[PDB]
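Notes follow the structure.
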Amino acid sequence: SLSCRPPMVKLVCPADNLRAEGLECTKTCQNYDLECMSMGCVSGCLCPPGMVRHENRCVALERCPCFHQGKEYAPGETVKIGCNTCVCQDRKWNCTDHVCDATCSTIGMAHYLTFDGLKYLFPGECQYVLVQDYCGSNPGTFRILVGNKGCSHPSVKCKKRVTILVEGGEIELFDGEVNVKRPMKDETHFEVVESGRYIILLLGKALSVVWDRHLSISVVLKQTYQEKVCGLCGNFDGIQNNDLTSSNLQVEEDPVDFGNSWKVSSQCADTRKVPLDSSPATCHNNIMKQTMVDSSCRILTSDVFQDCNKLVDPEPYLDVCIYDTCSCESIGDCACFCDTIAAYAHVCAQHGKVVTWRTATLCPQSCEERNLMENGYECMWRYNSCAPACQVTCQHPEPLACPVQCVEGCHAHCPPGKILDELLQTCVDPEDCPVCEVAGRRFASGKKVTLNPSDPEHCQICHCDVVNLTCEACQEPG
Amino acid sequence: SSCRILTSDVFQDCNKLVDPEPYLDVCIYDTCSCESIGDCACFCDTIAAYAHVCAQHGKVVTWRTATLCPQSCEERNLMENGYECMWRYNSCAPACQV
Amino acid sequence: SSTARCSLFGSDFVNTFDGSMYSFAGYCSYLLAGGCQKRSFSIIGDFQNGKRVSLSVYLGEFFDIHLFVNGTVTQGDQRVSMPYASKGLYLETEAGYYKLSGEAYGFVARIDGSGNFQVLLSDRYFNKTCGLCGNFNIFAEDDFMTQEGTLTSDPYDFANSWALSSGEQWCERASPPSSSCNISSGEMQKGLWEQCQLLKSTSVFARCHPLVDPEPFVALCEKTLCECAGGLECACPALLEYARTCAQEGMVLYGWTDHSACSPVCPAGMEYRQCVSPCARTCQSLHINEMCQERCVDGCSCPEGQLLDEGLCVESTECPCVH
Amino acid sequence: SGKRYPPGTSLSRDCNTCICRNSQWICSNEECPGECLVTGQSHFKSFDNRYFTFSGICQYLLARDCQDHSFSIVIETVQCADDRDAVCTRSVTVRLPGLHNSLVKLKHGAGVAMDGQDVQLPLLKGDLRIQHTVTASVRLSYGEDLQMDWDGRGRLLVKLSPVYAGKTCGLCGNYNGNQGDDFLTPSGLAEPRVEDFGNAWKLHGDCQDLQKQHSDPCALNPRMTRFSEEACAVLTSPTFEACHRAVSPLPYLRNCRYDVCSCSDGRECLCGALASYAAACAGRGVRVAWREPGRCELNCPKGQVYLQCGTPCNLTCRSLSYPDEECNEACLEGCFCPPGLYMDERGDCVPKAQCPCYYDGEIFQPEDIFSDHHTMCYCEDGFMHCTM
Ligand SMILES: *[C@@H]1O[C@H](CO)[C@@H](O)[C@H](O)[C@H]1NC(C)=O
Ligand SMILES: *[C@@H]1O[C@H](CO)[C@@H](O)[C@H](O)[C@H]1NC(C)=O
Ligand SMILES: *[C@@H]1O[C@H](CO)[C@@H](O)[C@H](O)[C@H]1NC(C)=O
Ligand SMILES: *[C@@H]1O[C@H](CO)[C@@H](O)[C@H](O)[C@H]1NC(C)=O
Ligand SMILES: *[C@@H]1O[C@H](CO)[C@@H](O)[C@H](O)[C@H]1NC(C)=O
Ligand SMILES: *[C@@H]1O[C@H](CO)[C@@H](O)[C@H](O)[C@H]1NC(C)=O
Ligand SMILES: [Ca+2]
Ligand SMILES: [Ca+2]
Ligand SMILES: [Ca+2]
Ligand SMILES: [Ca+2]
Ligand SMILES: [Ca+2]
């Protein structure tokens, strides 16, 4: 025997009531809203009706925590998931309803991550519609495309070509640089930020693009659309299983037949339904090599990623690591491996988890060739783990709408009172910028735009090429 | 093809002195066998073994770029909170020093 | 110490890393040792019907060797020759007895001519490897922690938790053998009690007692002296283990087989020495020294001269050449 | 699906129909029933067609009506083999506050127990019907908005009609279409780590919550690594060519290799996972013929015969007693016997000559003349011929 503790009472099965929900139905905080089984009570001791058990302590009140990530949270404690806060107002967190900015991706050579979140496989070779707006019953503002060449089997080959069509423009990029073929009308929203590895690329109030100079395509949209698009990335509705709505307006099941609907040239090659197997071409019947790639792809589950393993499931980004490098014959450039983890590291950073996983025996990424032109070696450049992408320059002095928090890559750092210019690879004082301030108001560094098209009478134009304190005359219509 | 860096425009001085046909046959022998995945060191090491021999005959070479066997040196200028950055990867510096 | 030792000596008997014996007449494969949180390897032992056949080392996922008394070692299903050294696993023969070394992976296995599996294992897996040779801890009573993790009182169902099956054969719960000794008692317990007893009486064994205790060793023999008919040699298996167990502890014994009337089997030309060097100076050998500072190991070896050449002892004069 | 159709055609998904007009399939958006599923060791499926895994050992909730309380289901999980990564289902509990607030319990056989009392099948109470399906699997049916399936060796199913749209809460999710929110703990927030979701629906505090859900238990049993490859490599082999264009096979492959390595006997674990795929291929329309003497053909007794697609309406002898009742059943798979033979209670099947009657429950022999003072009744060949 044992006379149980004061705050709780010994209970006894009655001989009449089958509903002896006693010791077997031991209400804790987890099981309270839940419903419990019971045949009959036992010779145990049990908290009162308006009180429960809590890690060997019969906590008095209904104030016990509101578990997330298997961790305690007192009532009123808050968390940040995505762009939203959320507080357990009682026993149940009630979260806000500000929908966050979704994000496509092209992880490796042949995979695609939709907005709602859906990894799928599509080795293509033709040109394909990554995403657009001209979908059914809408105007058709922007028509981002993607085009691959020799990329059905991932390898050191597969240089991408990206042609994006907005505001009647044609700007496209491949082989490291961007190229304008047709400038768009509203040059005002246009913006390009070559910060670090990336080419961040705004196009409006509700659009943005990113490019790691090698393969990754990560277009970023805002709250504005909410089911106004279609293409490979799907519809951007929150519903995740309707991201296989082909151009002929139905859901498929085999994504290799999905993307074949979205190709541009309707007479080029539709890709071939591969026999599914966990080993690609090289790893097929080469079990040895598979385990050296398997292990080396377990960096995605390593001690340094343990923070991000909790938030972002690595099981998607893992299966790509094993798929590419089997196919890819990495010889001199191990980039068909090194690029897949950075595609995981960046997503870890967007959730606020910086990581430094890159060492000298493993995908080094020097930055020393830039501190070379100058005979003096000031070396202000550095491979900073994850630095901000939207900083201030002689070319872009103002603070820009910043869709990406930070980014890996080589970044400048010199003492303050010196601001960067890209043409002269070194940083420099503010006054050496070709900055423009005409008739007082603060604006950009002399953008090449014709202001005030609205009002003829008020047509008081003031351009500025580099520094000039000039104002042109408007040509009258009469 | 990728082993023909041993016959490239930058090695043209050393191609005259040191026959690359030996060091070539190794480049093709190893990396066939070697399943380079994360570390492309079973390729990057064979050319340095040719570059060093080119240097011993007085022919420095800078063949190492960012898309090709980078060899950063930046982790060392890290312990100090101040970033003096006095360390550098360069061509071929005196093997001996004080 | 910095090492460990398991042994499956004689018929169905076991010796864990911590002085805990029992008997087990298995029926299929069973896990000897290996990690429990994560396995870089796994030593495995196959039993045909109670009696043992094979040692096996599966090195994660991709590589497999299946050595045995048959000696016809194989890699997967293709029978290979011997010796063999792939994947950091030298598969050698030492002192006329077969060896499997994994020093990178921290283990050394071997077998003798009769068939007595042995497993030497580093101190790196202290409180790790949980299996049929038990954990490498200090204690010896708690080293039955099942594949669930459950301290059990039975040394039998434990070994059945650590079973592992194939597509070639799925295996079941083996049964303990029904002992026929229970009726055929007769004189066999009165005359043959001495060979188990001489572990305690004879002076050559009368000095490991501050290091070990023969009380289990004498306990496990008395149940196996009863099935074999007409032989004192039935005691020397349980006795032969006690020699090595004291040797591993840092205190060796000498010449005990001189009067014991049982010597372990070896091929022609050699008989059981004690503490022979592993680096047996053979015929087609390079005369180099003071690299083999390895510890001293038991096993049969050639006479004073009579150098080795291809699994036999041959006189030094008749050393051949090769081309 | 990589093939052409002329205009004006109308193909039909399981959910609804779609028609081709000007290279644009038009489609309806009317809801269609969901299916939570438990099978294998620990492999779940949400109503929103999510897949995941949670190898917890306690009494977990599975589904519940959450704006009103028309029902509530509770699974009970246990370790089920030597490994730690093998947690099969033992028993599920069902609860109906609309009828006595009773408590049904499906047990590890094909048995059932209402309030502790074992019960013979069928069990026509007012609303809920419980009857065998192939005489090897129970099928609860409460109302017309609820079904179930056998929890003997752990292949629990459900069928919820769209009247429960978005108004349930449990491991199986909201039943709202959205595949993402389904990791929403009872405290009202979407969790990313599954190890937090499943342990958030446990019923007993003493149960240990786990910390890591392992994905490759074949490491702890390296012997099965080979066999798990060639075995479920038939899942992608063109034997199942017909329903790669019906449902994604990649998880039904992923859930094999976790079972064949983990469970005590990989023979049936294999051949209870392949059928998990065929059963969903058939739920959309595609039947497959994947049985062989090697690939686990079941052994129908000598009275019965194997059959692929058949009619469980004209099989049981109870059918001739109640022929008027509707049998709006599908073309199922199992052990039947030829049409001249109908099923007897004792495992053999028999012609309709000695097929008894089940009048008022009472099992009358093939010739039993039978009468009170005022009625007059007899059993001829299965049917009960009453007069007055
Ligand atoms: C959450 O609930 C609290 C308490 O009812 C309320 O004050 C608050 O406005 C709610 N917030 C959201 C985002 O719904
Ligand atoms: C570089 O990274 C370090 C370490 O995260 C940080 O302390 C520092 O502010 C960064 N500097 C720049 C210029 O981004
Ligand atoms: C500024 O613009 C005027 C035109 O009004 C032009 O003549 C002058 O060269 C420009 N100056 C600079 C520095 O660009
Ligand atoms: C590279 O090193 C060489 C040899 O020490 C030296 O002459 C040269 O100035 C260095 N160049 C740079 C860019 O550091
Ligand atoms: C044993 O070895 C012999 C000779 O190589 C071989 O014929 C036989 O099949 C082997 N048996 C086993 C058990 O492997
Ligand atoms: C051995 O491991 C167990 C389980 O992790 C732990 O509880 C115990 O403290 C460890 N003991 C030693 C001696 O390290
Ligand atoms: Ca969608
Ligand atoms: Ca922040
Ligand atoms: Ca010189
Ligand atoms: Ca022990
Ligand atoms: Ca849902």
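In the structure tokens, chains take the letters A, B, ... in the order shown, each chain's residues start at 1, and ligands count up from 1 in the order shown.
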
Which residues are near ligand 6 in this structure, taking near to mean any atom at most 8 Å from a ligand atom and counting only C-alpha atoms and all ligand atoms? Format them as a ChimeraX atom specification. /C:126-128,137

Take the residues that were just selected and, keeping N, CA and C atoms, output them as an mmCIF file, in the first residue's frame.
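Saved as out30.cif:
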```cif
data_model
loop_
_atom_site.group_PDB
_atom_site.id
_atom_site.type_symbol
_atom_site.label_atom_id
_atom_site.label_comp_id
_atom_site.auth_asym_id
_atom_site.auth_seq_id
_atom_site.Cartn_x
_atom_site.Cartn_y
_atom_site.Cartn_z
ATOM 1 N N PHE C 126 32.601 0.989 -26.286
ATOM 2 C CA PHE C 126 32.207 0.754 -24.872
ATOM 3 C C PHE C 126 30.820 1.361 -24.633
ATOM 4 N N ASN C 127 29.839 0.514 -24.302
ATOM 5 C CA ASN C 127 28.430 0.949 -24.084
ATOM 6 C C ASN C 127 27.746 1.124 -25.445
ATOM 7 N N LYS C 128 28.313 0.521 -26.496
ATOM 8 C CA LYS C 128 27.729 0.607 -27.862
ATOM 9 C C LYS C 128 27.257 -0.781 -28.306
ATOM 10 N N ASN C 137 30.594 -3.189 -21.709
ATOM 11 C CA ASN C 137 30.642 -2.442 -20.459
ATOM 12 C C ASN C 137 31.598 -3.108 -19.470
#
```

Residues at most 10 Å from residue 197 of chain C, counting only C-alpha atoms, excluding those fewer than 5 positions away in the same chain, as an MDAnalysis selection string? chainID C and resid 192 202 214 218 221:222 235

Write a file of the just-selected residues containing N, CA, C and O atoms, as a CSV table (one decimal), in the first residue's frame.
```csv
chain,number,residue,atom,x,y,z
C,192,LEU,N,34.5,-38.9,-14.8
C,192,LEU,CA,34.9,-37.7,-15.7
C,192,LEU,C,34.7,-36.4,-15.0
C,192,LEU,O,35.0,-35.4,-15.7
C,202,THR,N,45.2,-28.3,-10.6
C,202,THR,CA,46.5,-28.2,-11.1
C,202,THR,C,47.1,-26.8,-11.0
C,202,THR,O,46.4,-25.8,-11.1
C,214,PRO,N,37.1,-19.7,-12.4
C,214,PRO,CA,36.7,-20.9,-13.2
C,214,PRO,C,35.3,-21.4,-12.8
C,214,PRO,O,34.9,-22.4,-13.5
C,218,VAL,N,33.7,-24.4,-15.1
C,218,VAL,CA,33.4,-25.7,-14.6
C,218,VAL,C,31.9,-26.0,-14.6
C,218,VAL,O,31.4,-27.1,-14.7
C,221,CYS,N,30.8,-27.0,-18.3
C,221,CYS,CA,31.4,-28.2,-18.8
C,221,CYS,C,30.5,-29.4,-18.4
C,221,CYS,O,30.2,-30.3,-19.2
C,222,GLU,N,30.2,-29.4,-17.1
C,222,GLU,CA,29.5,-30.6,-16.5
C,222,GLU,C,28.2,-31.0,-17.2
C,222,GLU,O,27.8,-32.2,-17.1
C,235,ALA,N,36.3,-32.5,-22.2
C,235,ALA,CA,36.5,-31.4,-21.2
C,235,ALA,C,37.4,-30.3,-21.8
C,235,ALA,O,37.2,-29.2,-21.4
```

Would you list the residues that come within 7 Å of ligand 11? Count only C-alpha atoms and all ligand atoms and give the answer as number ranges by chain. D: 48, 173-182

Using only C-alpha atoms, which residues sit within 12 Å of segment 370-374 of chain D once same-chain residues fewer than 2 positions away are excluded, as a PyMOL selection string? chain D and resi 359+362+364-368+376-380+384-388

Would you write out those residues with N, CA, C and O atoms, as a PDB file, in the first residue's frame?
```pdb
ATOM      1  N   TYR D 359     -34.504 -17.555 -40.902  1.00  0.00           N
ATOM      2  CA  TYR D 359     -35.734 -16.894 -40.486  1.00  0.00           C
ATOM      3  C   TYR D 359     -35.628 -16.426 -39.045  1.00  0.00           C
ATOM      4  O   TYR D 359     -35.432 -17.238 -38.135  1.00  0.00           O
ATOM      5  N   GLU D 362     -33.049 -17.680 -36.930  1.00  0.00           N
ATOM      6  CA  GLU D 362     -33.013 -19.104 -36.635  1.00  0.00           C
ATOM      7  C   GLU D 362     -32.571 -19.893 -37.856  1.00  0.00           C
ATOM      8  O   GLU D 362     -33.158 -19.781 -38.936  1.00  0.00           O
ATOM      9  N   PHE D 364     -32.660 -22.789 -39.790  1.00  0.00           N
ATOM     10  CA  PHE D 364     -33.452 -23.981 -40.049  1.00  0.00           C
ATOM     11  C   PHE D 364     -32.787 -24.834 -41.117  1.00  0.00           C
ATOM     12  O   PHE D 364     -32.197 -24.324 -42.070  1.00  0.00           O
ATOM     13  N   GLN D 365     -32.900 -26.141 -40.949  1.00  0.00           N
ATOM     14  CA  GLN D 365     -32.319 -27.091 -41.876  1.00  0.00           C
ATOM     15  C   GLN D 365     -33.118 -27.076 -43.175  1.00  0.00           C
ATOM     16  O   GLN D 365     -34.185 -26.467 -43.248  1.00  0.00           O
ATOM     17  N   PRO D 366     -32.615 -27.720 -44.235  1.00  0.00           N
ATOM     18  CA  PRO D 366     -33.251 -27.559 -45.554  1.00  0.00           C
ATOM     19  C   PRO D 366     -34.690 -28.036 -45.630  1.00  0.00           C
ATOM     20  O   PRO D 366     -35.425 -27.570 -46.509  1.00  0.00           O
ATOM     21  N   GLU D 367     -35.116 -28.946 -44.754  1.00  0.00           N
ATOM     22  CA  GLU D 367     -36.504 -29.409 -44.703  1.00  0.00           C
ATOM     23  C   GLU D 367     -36.970 -29.331 -43.256  1.00  0.00           C
ATOM     24  O   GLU D 367     -36.704 -30.236 -42.463  1.00  0.00           O
ATOM     25  N   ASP D 368     -37.680 -28.252 -42.929  1.00  0.00           N
ATOM     26  CA  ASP D 368     -38.216 -28.024 -41.586  1.00  0.00           C
ATOM     27  C   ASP D 368     -39.572 -27.349 -41.759  1.00  0.00           C
ATOM     28  O   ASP D 368     -39.651 -26.122 -41.873  1.00  0.00           O
ATOM     29  N   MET D 376     -48.226 -20.543 -40.982  1.00  0.00           N
ATOM     30  CA  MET D 376     -47.789 -21.787 -41.602  1.00  0.00           C
ATOM     31  C   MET D 376     -46.591 -21.441 -42.467  1.00  0.00           C
ATOM     32  O   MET D 376     -46.677 -20.553 -43.320  1.00  0.00           O
ATOM     33  N   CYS D 377     -45.484 -22.144 -42.253  1.00  0.00           N
ATOM     34  CA  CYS D 377     -44.198 -21.729 -42.788  1.00  0.00           C
ATOM     35  C   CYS D 377     -43.328 -22.951 -43.044  1.00  0.00           C
ATOM     36  O   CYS D 377     -43.464 -23.979 -42.379  1.00  0.00           O
ATOM     37  N   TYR D 378     -42.441 -22.836 -44.029  1.00  0.00           N
ATOM     38  CA  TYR D 378     -41.468 -23.888 -44.279  1.00  0.00           C
ATOM     39  C   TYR D 378     -40.282 -23.345 -45.062  1.00  0.00           C
ATOM     40  O   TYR D 378     -40.377 -22.329 -45.754  1.00  0.00           O
ATOM     41  N   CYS D 379     -39.160 -24.050 -44.936  1.00  0.00           N
ATOM     42  CA  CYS D 379     -37.909 -23.728 -45.616  1.00  0.00           C
ATOM     43  C   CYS D 379     -37.687 -24.740 -46.729  1.00  0.00           C
ATOM     44  O   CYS D 379     -37.554 -25.938 -46.462  1.00  0.00           O
ATOM     45  N   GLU D 380     -37.648 -24.257 -47.969  1.00  0.00           N
ATOM     46  CA  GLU D 380     -37.590 -25.123 -49.141  1.00  0.00           C
ATOM     47  C   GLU D 380     -36.165 -25.331 -49.643  1.00  0.00           C
ATOM     48  O   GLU D 380     -35.663 -26.460 -49.644  1.00  0.00           O
ATOM     49  N   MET D 384     -37.439 -18.799 -47.032  1.00  0.00           N
ATOM     50  CA  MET D 384     -38.433 -19.148 -46.018  1.00  0.00           C
ATOM     51  C   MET D 384     -39.842 -18.753 -46.460  1.00  0.00           C
ATOM     52  O   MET D 384     -40.247 -17.594 -46.319  1.00  0.00           O
ATOM     53  N   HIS D 385     -40.586 -19.723 -46.986  1.00  0.00           N
ATOM     54  CA  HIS D 385     -41.956 -19.684 -47.496  1.00  0.00           C
ATOM     55  C   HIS D 385     -42.939 -19.685 -46.334  1.00  0.00           C
ATOM     56  O   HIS D 385     -43.352 -20.742 -45.857  1.00  0.00           O
ATOM     57  N   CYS D 386     -43.325 -18.496 -45.882  1.00  0.00           N
ATOM     58  CA  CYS D 386     -44.401 -18.329 -44.918  1.00  0.00           C
ATOM     59  C   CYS D 386     -45.727 -18.006 -45.592  1.00  0.00           C
ATOM     60  O   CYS D 386     -45.774 -17.438 -46.685  1.00  0.00           O
ATOM     61  N   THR D 387     -46.804 -18.399 -44.918  1.00  0.00           N
ATOM     62  CA  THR D 387     -48.169 -18.093 -45.314  1.00  0.00           C
ATOM     63  C   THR D 387     -48.934 -17.738 -44.044  1.00  0.00           C
ATOM     64  O   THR D 387     -48.338 -17.517 -42.987  1.00  0.00           O
ATOM     65  N   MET D 388     -50.258 -17.671 -44.144  1.00  0.00           N
ATOM     66  CA  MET D 388     -51.104 -17.404 -42.984  1.00  0.00           C
ATOM     67  C   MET D 388     -52.400 -18.199 -43.086  1.00  0.00           C
ATOM     68  O   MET D 388     -53.150 -18.308 -42.112  1.00  0.00           O
TER      69      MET D 388
END
```

Can you check which residues of chain C have any atom within 9 Å of chain A? Use only C-alpha atoms and format it as a ChimeraX atom specification. /C:60-63

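Selection of all polymer residues within 8 Å of ligand 1 on the basis of only C-alpha atoms and all ligand atoms gives residues 85, 86, 87, 88, 89, 90, 93, 94, 95, 96 and 97 of chain A.
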
For the selection you just gave me, I'd like the residues written to a file as a compact mmCIF listing (two decimals), in the first residue's frame, keeping N, CA and C atoms.
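Contents of the output file again00.txt:
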```txt
# COMPACT_ATOMS: atom_id res chain seq x y z
N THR A 85 3.01 35.43 -37.02
CA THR A 85 3.09 35.07 -35.61
C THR A 85 1.91 34.19 -35.23
N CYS A 86 2.01 33.59 -34.04
CA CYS A 86 0.93 32.73 -33.58
C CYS A 86 1.14 32.47 -32.10
N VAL A 87 0.09 32.65 -31.30
CA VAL A 87 0.20 32.49 -29.82
C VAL A 87 -0.90 31.53 -29.35
N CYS A 88 -0.54 30.57 -28.50
CA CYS A 88 -1.55 29.69 -27.86
C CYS A 88 -2.40 30.53 -26.90
N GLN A 89 -3.51 31.08 -27.39
CA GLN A 89 -4.35 32.01 -26.59
C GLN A 89 -4.95 31.25 -25.39
N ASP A 90 -5.07 29.93 -25.50
CA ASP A 90 -5.59 29.09 -24.39
C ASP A 90 -4.76 27.80 -24.31
N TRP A 93 -2.88 27.43 -29.90
CA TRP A 93 -2.41 28.58 -30.71
C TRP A 93 -3.50 28.96 -31.71
N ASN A 94 -3.83 30.25 -31.81
CA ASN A 94 -4.55 30.76 -33.00
C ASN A 94 -3.60 31.64 -33.82
N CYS A 95 -3.35 31.24 -35.07
CA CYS A 95 -2.33 31.93 -35.91
C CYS A 95 -3.02 32.99 -36.77
N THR A 96 -2.24 33.96 -37.25
CA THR A 96 -2.73 35.00 -38.13
C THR A 96 -3.04 34.38 -39.49
N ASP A 97 -3.42 35.20 -40.46
CA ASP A 97 -3.77 34.71 -41.79
C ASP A 97 -3.21 35.61 -42.87
```

All residues within 6 Å of ligand 2 are required, counting only C-alpha atoms and all ligand atoms; please report them as a ChimeraX atom specification. /A:384-385,387,413

Interface rows for chain C against ligand 10: nearest pair, Å to one decimal, 12 Å, only C-alpha atoms and all ligand atoms, as CSV:
```
residue,atom,partner,partner_atom_place_in_ligand_line,distance
C:4,CA,ligand 10,1 (Ca),10.1
C:5,CA,ligand 10,1 (Ca),10.6
C:6,CA,ligand 10,1 (Ca),10.3
C:15,CA,ligand 10,1 (Ca),10.1
C:16,CA,ligand 10,1 (Ca),6.7
C:17,CA,ligand 10,1 (Ca),5.5
C:18,CA,ligand 10,1 (Ca),4.2
C:19,CA,ligand 10,1 (Ca),7.5
C:20,CA,ligand 10,1 (Ca),7.6
C:21,CA,ligand 10,1 (Ca),10.8
C:33,CA,ligand 10,1 (Ca),12.0
C:125,CA,ligand 10,1 (Ca),11.6
C:126,CA,ligand 10,1 (Ca),9.3
C:127,CA,ligand 10,1 (Ca),8.5
C:128,CA,ligand 10,1 (Ca),10.4
C:129,CA,ligand 10,1 (Ca),9.9
C:130,CA,ligand 10,1 (Ca),9.1
C:131,CA,ligand 10,1 (Ca),10.4
C:132,CA,ligand 10,1 (Ca),10.5
C:133,CA,ligand 10,1 (Ca),8.0
C:134,CA,ligand 10,1 (Ca),5.4
C:135,CA,ligand 10,1 (Ca),4.5
C:136,CA,ligand 10,1 (Ca),5.1
C:137,CA,ligand 10,1 (Ca),4.8
C:138,CA,ligand 10,1 (Ca),6.2
C:139,CA,ligand 10,1 (Ca),5.3
C:140,CA,ligand 10,1 (Ca),4.5
C:141,CA,ligand 10,1 (Ca),7.0
C:142,CA,ligand 10,1 (Ca),6.5
C:143,CA,ligand 10,1 (Ca),4.2
C:144,CA,ligand 10,1 (Ca),7.8
C:145,CA,ligand 10,1 (Ca),9.5
C:151,CA,ligand 10,1 (Ca),11.8
```

Neighbours of chain B in chain A at 8 Å, counting only C-alpha atoms, as a ChimeraX atom specification: /A:289,293,296,325,329-334,337-338,359-368,379,382-383
